[PDB]
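1. Experimental coordinates follow, after the sequence.
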Amino acid sequence: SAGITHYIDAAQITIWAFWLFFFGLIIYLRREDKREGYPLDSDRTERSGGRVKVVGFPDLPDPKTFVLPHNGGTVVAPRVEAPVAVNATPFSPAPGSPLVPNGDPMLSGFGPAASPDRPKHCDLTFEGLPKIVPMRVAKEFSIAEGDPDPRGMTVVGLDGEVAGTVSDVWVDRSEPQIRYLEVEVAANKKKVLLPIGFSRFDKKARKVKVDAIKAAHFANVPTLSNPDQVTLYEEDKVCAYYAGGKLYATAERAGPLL
Amino acid sequence: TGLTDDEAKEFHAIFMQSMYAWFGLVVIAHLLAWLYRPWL
Amino acid sequence: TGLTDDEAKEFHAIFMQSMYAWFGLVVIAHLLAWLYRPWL
Amino acid sequence: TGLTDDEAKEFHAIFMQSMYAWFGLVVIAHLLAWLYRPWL
Amino acid sequence: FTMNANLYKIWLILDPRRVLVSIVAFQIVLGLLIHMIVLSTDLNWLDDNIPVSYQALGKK
Amino acid sequence: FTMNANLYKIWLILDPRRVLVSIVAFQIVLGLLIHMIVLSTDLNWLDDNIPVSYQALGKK
Amino acid sequence: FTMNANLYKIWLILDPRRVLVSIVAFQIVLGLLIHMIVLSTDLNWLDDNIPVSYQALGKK
Amino acid sequence: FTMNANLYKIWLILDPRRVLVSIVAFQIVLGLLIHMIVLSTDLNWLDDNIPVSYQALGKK
Amino acid sequence: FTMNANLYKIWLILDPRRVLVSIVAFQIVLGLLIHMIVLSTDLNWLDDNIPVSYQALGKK
Amino acid sequence: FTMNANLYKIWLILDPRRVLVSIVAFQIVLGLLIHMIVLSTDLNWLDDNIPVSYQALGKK
Amino acid sequence: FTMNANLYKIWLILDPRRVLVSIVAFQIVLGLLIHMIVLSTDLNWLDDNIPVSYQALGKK
Amino acid sequence: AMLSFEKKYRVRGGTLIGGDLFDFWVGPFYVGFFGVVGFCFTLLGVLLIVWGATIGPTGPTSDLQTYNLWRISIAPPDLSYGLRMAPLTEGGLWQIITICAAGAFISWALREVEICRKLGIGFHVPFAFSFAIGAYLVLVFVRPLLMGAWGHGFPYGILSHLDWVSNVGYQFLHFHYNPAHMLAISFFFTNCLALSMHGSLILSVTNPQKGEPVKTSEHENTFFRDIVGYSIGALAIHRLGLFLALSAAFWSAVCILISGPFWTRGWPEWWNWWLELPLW
Amino acid sequence: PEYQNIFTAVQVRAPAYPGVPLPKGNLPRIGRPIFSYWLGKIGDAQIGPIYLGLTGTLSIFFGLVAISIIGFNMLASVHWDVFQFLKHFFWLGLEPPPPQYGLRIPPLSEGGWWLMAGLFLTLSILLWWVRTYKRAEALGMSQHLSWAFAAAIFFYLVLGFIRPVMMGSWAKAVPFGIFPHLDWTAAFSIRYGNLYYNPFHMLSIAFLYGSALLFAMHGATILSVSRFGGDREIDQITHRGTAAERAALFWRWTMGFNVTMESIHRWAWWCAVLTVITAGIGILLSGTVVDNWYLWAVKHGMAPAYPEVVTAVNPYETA
Ligand code: BCL
Ligand code: BCL
Ligand code: BCL
Ligand code: BCL
Ligand code: BCL
Ligand code: BCL
Ligand SMILES: CC[C@H]1c2cc3[nH]c4c(c3C)C(=O)[C@H](C(=O)OC)c4c3nc(cc4[nH]c(cc(n2)[C@@H]1C)c(C(C)=O)c4C)[C@@H](C)[C@@H]3CCC(=O)OC/C=C(\C)CCC[C@H](C)CCC[C@H](C)CCCC(C)C
Ligand SMILES: CC(C)=CCC/C(C)=C/CC/C(C)=C/CC/C(C)=C/CC/C(C)=C/CC/C(C)=C/CC/C(C)=C/CC/C(C)=C/CC1=C(C)C(=O)c2ccccc2C1=O
Ligand SMILES: COC(C)(C)C/C=C/C(C)=C/C=C/C(C)=C/C=C/C(C)=C/C=C/C=C(C)/C=C/C=C(C)/C=C/C=C(C)/C=C/CC(C)(C)OC
Ligand SMILES: COC(C)(C)C/C=C/C(C)=C/C=C/C(C)=C/C=C/C(C)=C/C=C\C=C(C)\C=C\C=C(C)\C=C\C=C(C)\C=C\CC(C)(C)OC
Ligand SMILES: [Ca+2]
Ligand SMILES: [Ca+2]
Ligand SMILES: [Ca+2]
Ligand SMILES: [Ca+2]
Ligand SMILES: [Fe+3]
């Protein structure tokens, strides 16, 4: 790696042989690292790097072609995606600064609650049935011999107050497991789905603790179109709503601690 | 971008008086050093 | 930010006084020290 | 790309010309060396 | 209070809750970082002059 | 304690559990962070001299 | 204030709080960096000589 | 400024902020680099010759 | 400049700013890299010989 | 240069800026890679031969 | 080279640029690979016999 | 400059300390309280590391002082000082610089913390990163402390810190016999065995044979069920991995810690307890 | 069961999934799937069925010979005294053929069994590689796994095929022993001047480390985003989702840049597969091309310089 060389040998004739392949592979990768996102949006802080450049060190790659399975469309990577929308205003005219959520941040659909418009279709299994469905349809699925049953437990909330009770849980045909919980909100008496990721258990009191949002927030949760299957579009917009709680369910959360 | 021409003027001044501030402060202590103990 | 000229102004003073209350509280620190033991 | 041969040559002018501004200032560099500290 | 002149306007760009507690943390460490750097060679008052030979005199 | 005159206002922008236990933690660390260094330099009273008869002479 | 004349226009580009504190950072890292590099080789004024030769009278 | 007076139309593709600070940060990284590299081998104005080689003379 | 005449066509395949700055980079590297390699084992000019007279002599 | 006529069509399969910059790279890299691989073994022009050690002939 | 007639058919299975550049690559490597292997034992044309050693006699 | 889907995420809040003040984004990075902190350590240390290359083992004019990235080295002070600050020149740099490492590593984690706090994501990453930092807190703090000398640390030299690994290693003879060390190793290997396996499968289902669709989790399971029988599971691997990774470091931390403070004899010998068992 | 997506709180079960339909020629899966509540509390609970064709059966039988041979000799040295066998297990091991045989086929005693059990373990892997290749195309899958497994195999053979044979002595081959093989790598290094200075060996570590690093990030990130369905990478690679939609922003804001849900897995691959790549090489060079990597380093001005506070004489030159 020295600037000047006075020594030559086979050992070193192969080392550089690697770095070249390396410097090349790292680029190969970078190219791929841009099949989702780029180009960038603004110029808040002029692309930083040993060598600036227009759009990174490596020019964007060629659109790959993804043939979804039967009864499916087609995806291209990368792809020219139409600009999204921001339901928030700039906390400051200075670039980089954050964007304050308008109205109730719990549903402003921004940041934590913000979710992209995923395909308004539904994921399926190998054969063609909706991958993720409620046990009210999964005639084969049963609770593991021994493990306590969730169906019937009362879903508590952040503040502690009860928000509703589980009426059913959504299992996954493709990958045997519990992914959602058909929760029955008390307030709106509606039926919203609850994601495992946020679903906590207290087998002692037959509950499904949730620190995401308050019991009251469970009310206006992104409803589902068909109660016999969850759409990818909504599915992602579902558990995203809970995320908001992770940062909006309480002014204290977003507020500093020190 | 962040401001307009006016505000740009307003700040350029107020701060400019502050930047030197440090600076002057600098020399007095950079000098005091030179005077008391010479480097080189 | 989050404030206006009138507002922030009344607290600029209060703050400032204190930093010096300490900038001084500390001057006395160096003070008593150099007296006892001297450095350089 | 994203421009016709009109502003493609205009830029080329500035580009090319200045490009020599270095080939020259860089030759005076080396030459200035060949006279001071030579090599081979 | 020289800079006190027009320095008042700065509180608009600088938040109290933050800049204040922020300084607290930075200040503190800086101090211990000092003793630390100083207590090293300059003068290790602990064992340096008097009356620090408790071990050399006691152990023996 | 001059500043402590108007400092009352402190709690208006800070919560209770905030700096309450905050400093508490900073005391324990510095707290033992200090016996520490102090126990090393000047008087390793932990073991260096007196009393060393019963332990030392007791070993002989 | 030679260039500072027409340099007023610079503010649109460089924001206030953004590069305002960014600078505060460099200085600080620098400030130490110097005292540090200096206090090392040149004149380790700290513990090398006077005043009072407290490091030549105590240690010795 | 034979060339530059003619090439001014170049800020048409390089927005100011982008290369203004690009060049800005690069100065320091280089400033400290050379400044330091120089301090490294070329000469050490700190103790390399004058004024008094204190560590050796100043102390006493 | 002779080449420029018809070589203006190349600016239809390569971006003006991309090729512009992209090289601004390869320049700093190819540059910085040279003084280094020539300052590594080639005739160091910094402190290789004169004027290192005070470098190593003036000190003592 | 035979079939140079038939060889023009090539652009119809490969793109202009694809094999273009691809050359600049493979070349430009090969450049340093060469001077280097040669810089050592054969005629280490930098520090093998004359001019005579600037350091020894120049200094002494 | 009579085969040339029925050879054309080959392109009907192998893609234009698929095996096109696949070769531009196999050669590139194989090339540098050879000089490399040759430069080792076979014959270090660069620093072996002639004119090597001039980096010592009149060189230094 | 933001990604096609960045703007809608740059929310305000979720800060631990003095957030609103530094609550902003500089390019593709985030600052906040801890943001500035780390930096204040970066240059304050990165430069010192350079100052070391500048100065050198004895002096800047010495023949030892070099700039070859390989030969560069920043060794700690002698074991004489123990828990005392040695002259910046004779070990001081390392000592101070190291204090900057913790300030960079830890803060970097803390920074990640609230960063996740904004995306409402899980605090897995940081908690995971903790171990790495923890392992460091052992090779410079924990171990040296129970050894009574900050000089027990490792030199900050690209190749210099390898010798420190060779000596301390042989200091217990054949360092290959260390229980915790072995165990840990297994993990590092398992981990790599996991990556080479995970990453591979993904690319093998989303980019199948020519003229083939994107496979589903239906295949993944069968695939490893036909080569070895069982399939851990989708996220399962993402769990397993995370485990191995951390476990690899954890057991390692133990590995070096036990070496010295909890054992002075030769590791190869430690295994004797198994031999001197009243069963053979 | 602490839920940070650590342990599946509540499990459910469905009819044993007998894998997906395979092509013509591929024998039907075998084995009645099993269920484990505990195991399943970690990930998947169902077990099997498993495939076993020609290559498979030919493999499971092949390598199973080597293992036996090894474990056999091991229990042989202990004079078939299991007591002392389970005692010195770690130490016990099938040693390679003595240098007094070069590459020639030694007697079962002096190194024979090793070689035999070796070829049976060499092909056992080579064969197993094909076994995997047959499980990929049978499912329309690619060969990313074979490519990797290949790379690993590469370094595997470097320890016997390409290097030892290139040295002309079965002595330079790792032995069949838990502990004694640790000594092999222990001796090898000593024999070749300290692998710390061996270039490739370092590059390979960067991977043994990098590897661990990435998965620590990925494995984690996916979990942290497991809330927004970040585990289902497949449908994420096809149509980007919210999981991968924040999952990157994190890294981006933290380290500046980032890659895509798919992309990363590609890095991981090359960061792991390249591990052994720099492995077989670093060892393929040692013994043959280089003999003392320490002097080799300093030869190229690599080895760092240390003051001389300690030094020893040399009775050789003196006497
Ligand atoms: C080395 C030879 C001398 C010596 C020579 C010098 C010289 C020469 C100088 C110093 C300077 C300094 N020395 Mg000294 N010094 C010595 C020995 C010491 C010892 C010691 C233990 O022995 C110590 C502890 C110090 C300590 C210090 C620092 C107080 C000071 C560094 C200031 C700075 O860079 O801020 C970094 C800057 C910032 C953080 C921010 C920028 C400042 C602006 C103007 C104010 C902030 C505005 C903000 C936006 C408003 C909000 C307010 C709050 C932040 C909320 N010196 C020896 C004896 N020292 C410098 C100095 O004191 O200048 C006055 C200086 O020039
Ligand atoms: C080396 C030569 C001398 C010496 C010279 C000095 C000098 C010179 C100084 C000290 C200073 C200090 N020395 Mg001393 N010191 C020596 C030996 C010692 C020994 C010892 C065991 O031998 C010890 C334990 C100490 C200990 C100390 C500390 C008490 C003090 C550091 C204060 C600080 O950093 O605040 C850090 C700051 C903060 C946490 C926050 C900022 C302060 C503000 C004004 C108050 C907070 C406001 C807040 C927003 C409101 C909420 C209130 C609560 C936080 C909730 N010294 C020797 C004998 N020492 C410093 C000092 O005494 O300052 C008074 C100092 O300047
Ligand atoms: C033997 C004793 C040691 C020593 C031991 C300690 C210890 C121990 C502590 C400090 C602390 C501090 N020391 Mg001291 N310090 C020494 C020598 C110095 C020198 C010096 C030039 O020699 C300087 C500049 C400083 C500066 C400082 C401050 C950075 C810090 C108080 C911070 C603050 O409130 O800033 C507010 C400042 C400003 C807004 C800038 C304006 C500065 C103006 C120009 C006034 C400077 C006058 C100066 C204080 C008087 C020096 C007297 C000279 C000997 C004649 N020390 C000697 C070598 N110092 C404390 C600390 O850093 O806590 C965080 C601490 O705990
Ligand atoms: C070894 C023998 C000589 C020597 C021989 C040479 C030679 C020969 C050369 C240098 C050159 C340089 N040397 Mg010298 N040099 C010596 C010792 C030194 C020492 C020292 C401490 O001892 C130092 C610090 C330097 C420092 C320097 C730099 C000033 C300069 C870097 C050129 C370069 O590559 O830019 C890299 C370039 C770029 C990043 C940009 C490209 C330039 C273009 C044309 C302008 C940009 C246009 C832009 C788009 C418009 C917008 C404007 C702004 C960018 C916003 N030399 C010794 C004495 N030196 C070079 C030079 O000065 O060239 C003029 C050179 O060719
Ligand atoms: C003679 C030498 C001995 C030996 C002596 C030792 C000694 C002595 C030690 C080890 C240690 C280790 N050895 Mg051992 N070891 C030997 C042979 C081996 C072999 C082998 C195949 O032969 C293997 C696989 C290992 C494996 C291992 C690891 C398990 C362990 C390192 C653990 C770790 O994860 O730290 C994880 C990581 C860290 C501590 C670093 C922290 C990372 C920080 C936070 C991030 C840095 C960021 C950076 C600043 C930014 C970079 C970006 C730039 C800006 C661009 N050893 C031989 C037999 N080994 C060490 C150990 O046990 O550690 C616990 C140890 O102390
Ligand atoms: C774990 C047990 C030992 C140890 C044993 C080993 C062994 C054994 C080896 C290394 C190797 C390396 N070690 Mg180590 N190393 C230790 C602790 C550290 C620490 C630390 C903060 O504690 C750091 C930063 C490093 C750094 C490094 C890298 C220079 C090098 C590449 C490793 C790698 O690829 O990881 C995977 C990760 C990445 C590729 C990404 C980031 C790492 C980057 C590339 C390294 C940057 C370090 C930089 C030079 C530090 C200064 C930064 C300034 C801002 C310029 N080691 C402990 C003490 N280390 C290998 C080597 O080749 O050394 C020469 C090697 O074989
Ligand atoms: C069990 C934990 C595993 C792990 C996990 C892990 N690492 C992580 C993370 C996680 C989860 C991050 O989130 C973080 C990251 O990459 O975030 C984007 C990171 C990271 N892991 C890294 C490195 C790393 N991890 C390692 C290991 C591991 N990482 C384990 C396998 C190793 C080794 C030795 O094998 C290395 C080298 C970094 C790339 C990055 C953290 C970067 C960071 O926070 O840097 C902060 C500081 C600076 C940029 C400035 C440092 C300058 C200081 C002032 C001086 C310090 C001196 C230093 C000690 C000298 C080193 C010299 C050596 C060359 C000898
Ligand atoms: C001698 C000489 C001439 C010198 C010249 C010197 C010159 C010119 C200098 C100027 C240039 C300068 C100063 C450059 C500075 C650049 C700097 C400081 C960069 C700092 C950033 C930094 C420290 C980065 C560390 C990155 C490292 C080491 C990462 C290790 C892990 C790794 C392999 C990451 C790459 C792949 C990525 C991005 C993984 C992260 C990642 C993971 C882990 C997911 O799981 C995931 C899941 C879903 C979507 C995305 C992701 C994702 O991106
Ligand atoms: C009704 O409204 C009510 C009244 C309720 C509102 C109430 C408001 C209240 C109660 C407000 C309270 C406000 C307060 C308490 C404000 C306090 C402000 C303070 C204390 C500010 C202090 C500032 C201190 C500063 C900025 C110190 C700066 C020090 C610097 C920059 C030091 C640099 C030091 C260096 C570089 C040292 C180097 C040392 C060496 C050289 C050794 O390093 C190597
Ligand atoms: C009695 O046993 C029973 C029945 C109870 C079963 C129990 C068995 C047990 C307990 C077995 C335990 C085995 C263990 C613990 C084995 C451990 C092995 C270890 C640690 C091995 C470590 C490393 C091994 C390596 C690196 C092996 C490399 C082998 C190679 C490279 C072989 C190459 C062979 C070649 C090239 C053959 C070529 C064919 C010929 C020679 C003809 O070419 C000329
Ligand atoms: Ca002095
Ligand atoms: Ca001088
Ligand atoms: Ca020459
Ligand atoms: Ca052996
Ligand atoms: Fe994954």
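-> Structure's in. What do you need? Residues are numbered from 1 along each chain as shown, chains lettered A, B, ... in the order given. Ligands and ions are numbered 1, 2, ... in the order given.

2. where does residue A:118 land in three-state SS?
-> coil (DSSP: H, G, I helix; E, B strand; the rest coil).

3. next one: residue A:216
-> Following three-state DSSP, we place residue A:216 in the coil state.

4. Tell me how many other residues crowd it.
-> 17 (other CB atoms under 10 Å in any protein chain shown). C-beta coordinates here come from the backbone N, C-alpha and C atoms, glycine included.

5. Kindly report the same for residue A:57.
-> Residue neighbour count, defined by other CB under 10 Å, stands at 15 for residue A:57.

6. List the contacts of the residue lying closest to it once chain neighbours are set aside.
-> Excluding its sequence neighbours, the residue lying closest to residue A:57 (CB to CB, 6 or more residues apart in numbering or on different chains) is residue A:30, at 6.2 Å. By CB atoms under 8 Å, 6 or more residues apart in numbering or on different chains, the residues touching residue A:30 are A:56, A:57, A:58.

7. and which of those is nearest to ligand 8?
-> Distance to ligand 8, by CB to the nearest ligand atom, is smallest for residue A:57 among these, at 11.6 Å.

8. Please enumerate the helices of chain B.
-> B:5-36 (DSSP state H).

9. How much space separates the closest residue to chain K within the stretch 151-280 of chain L from chain I?
-> Among the residues of the stretch 151-280 of chain L, residue L:210 lies nearest to chain K; the distance is 11.2 Å by CB to the nearest CB. Taking CB to the nearest CB, to the nearest Å as the measure, residue L:210 falls 31 Å from chain I.

10. Wait, residue M:118 touches residue M:66, no?
-> Yes: applying CB atoms under 8 Å as the test, residue M:118 and residue M:66 come out as touching, 7.1 Å apart.

11. circling back: what's the local residue count around the residue of the stretch 151-280 of chain L closest to chain K?
-> Using other CB under 10 Å, the number of residues around residue L:210 comes to 5.

12. Could you grab the helix/strand/coil label for it?
-> Three-state assignment for residue L:210 (three-state DSSP): coil.

13. returning to what we had before: give me the next element, helix or strand, following the helix or strand hosting the residue nearest to residue A:57.
-> Here residue A:30 sits within helix A:10-32, counting by DSSP states H and E. Later in the chain than helix A:10-32, the nearest helix or strand by DSSP H and E is strand A:64-67.

14. downstream neighbour of that following strand in the secondary structure list?
-> Proceeding N to C from strand A:64-67, the next assigned helix or strand is strand A:74-77, under DSSP H and E.

15. so, in contact with chain M or not, that following strand?
-> Yes: applying CB under 8 Å from any CB of the partner chain, one finds strand A:74-77 touching chain M at A:75, A:77.

16. Now do the contacts for whichever residue of the stretch 51-200 of chain A sits closest to chain D.
-> Residue of the stretch 51-200 of chain A nearest chain D, by CB to the nearest CB: residue A:54 (11.6 Å). Shown in contact with residue A:54 (CB under 8 Å, 6+ apart): I:15, I:17, I:18, I:21, I:22.

17. State the distance from the fourth one to ligand 7.
-> With distances taken as CB to the nearest ligand atom, to the nearest Å, residue I:21 is found 26 Å from ligand 7.

18. Next up, identify which helix or strand the most centrally placed residue in chain L is on.
-> The residue lying closest to the centre of chain L (CA atoms, centre = their mean) is residue L:132, at 3.5 Å. Assigned by DSSP H and E, residue L:132 belongs to helix L:124-137.

19. And residue M:280, by the same measure?
-> Going by DSSP H and E, residue M:280 is part of helix M:261-285.

20. do the same with residue M:114
-> Per DSSP H and E: residue M:114 is located in helix M:113-136.

21. Distance from the helix or strand that that helix is followed by to the middle of the chain?
-> For helix M:113-136, the following helix or strand on the C-terminal side (DSSP H and E) is helix M:144-158. Remark: helix M:144-158 is offset 9 Å from the chain centroid, using CA atoms, centre = their mean, to the nearest Å.

22. Please apply the same query to stretch A:140-153.
-> 27 Å.

23. what about it, how long is it end to end?
-> Distance across stretch A:140-153, first residue to last, is 21 Å (CA to CA, to the nearest Å).

24. Any part of it near chain M?
-> Yes: for stretch A:140-153, a contact with chain M is found by CB under 8 Å from any CB, at A:140, A:141, A:142, A:143, A:144, A:145, A:146, A:147, A:148, A:149, A:150.

25. Quick one: the helices in the stretch 201-319 of chain M, in order.
-> Using DSSP state H, counting those that start in this stretch, the helices of the stretch 201-319 of chain M run over M:233-238, M:242-255, M:261-285, M:293-299, M:315-318.

26. Quick check: which of those is nearest to residue M:196?
-> Judged by CB to CB, the one of the helices of the stretch 201-319 of chain M that comes nearest to residue M:196 is helix M:293-299, at 7.9 Å.

27. near chain L at all, the closest one?
-> Yes: using CB under 8 Å from any CB, helix M:293-299 reaches chain L at residue M:297.

28. do that helix and chain A meet at all?
-> Yes: interface with chain A: helix M:293-299 contributes M:296, M:299 (CB under 8 Å from any CB).

29. List the buried residues of that helix.
-> Within helix M:293-299, the residues that count as buried by 16 or more other CB atoms under 10 Å in any protein chain shown are M:293, M:294, M:296, M:297, M:298, M:299.

30. Dump the residues you listed into a markdown table; add distance to residue H:60 as well.
-> Output for these, formatted as a markdown table (distance: CB to CB, whole Å):
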| residue | distance to residue H:60 |
| --- | --- |
| M:293 | 50 |
| M:294 | 45 |
| M:296 | 50 |
| M:297 | 45 |
| M:298 | 42 |
| M:299 | 47 |
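
31. Residue A:32: neighbour count?
-> By other CB under 10 Å, 22 other residues sit near residue A:32.

32. Oops, could you answer that again for residue M:190 instead?
-> 12.

33. Mind giving me the packing neighbours of the helix or strand hosting it?
-> Here residue M:190, judged by DSSP H and E, is contained in helix M:180-191. Helices and strands in packing contact with helix M:180-191 are not found; criterion 3 or more CB pairs under 8 Å, 6 or more residues apart in numbering or on different chains; DSSP states H and E.

34. so, in contact with ligand 6 or not, that helix?
-> No: Helix M:180-191 stays clear of ligand 6 (CB under 6 Å from any ligand atom), getting no nearer than 11.6 Å.

35. which residues touch residue 3?
-> I'll assume chain A. I:33, I:36, I:37, I:38, I:40, I:41.

36. right idea, wrong chain: chain M
-> Taking CB under 8 Å, 6+ apart, we find residue M:3 in contact with A:196, A:199, A:200, A:201, M:9.

37. Would you map the strands across the stretch 1-150 of chain L?
-> Using DSSP state E, counting those that start in this stretch, the strands of the stretch 1-150 of chain L run over L:25-26, L:29-30.

38. Apologies, that question was intended for chain E.
-> With DSSP state E as the definition, chain E shows no strands.

39. Look through it and state the residue closest to ligand 3.
-> For chain E, the residue positioned closest to ligand 3 under CB to the nearest ligand atom is residue E:31, at a distance of 2.6 Å.
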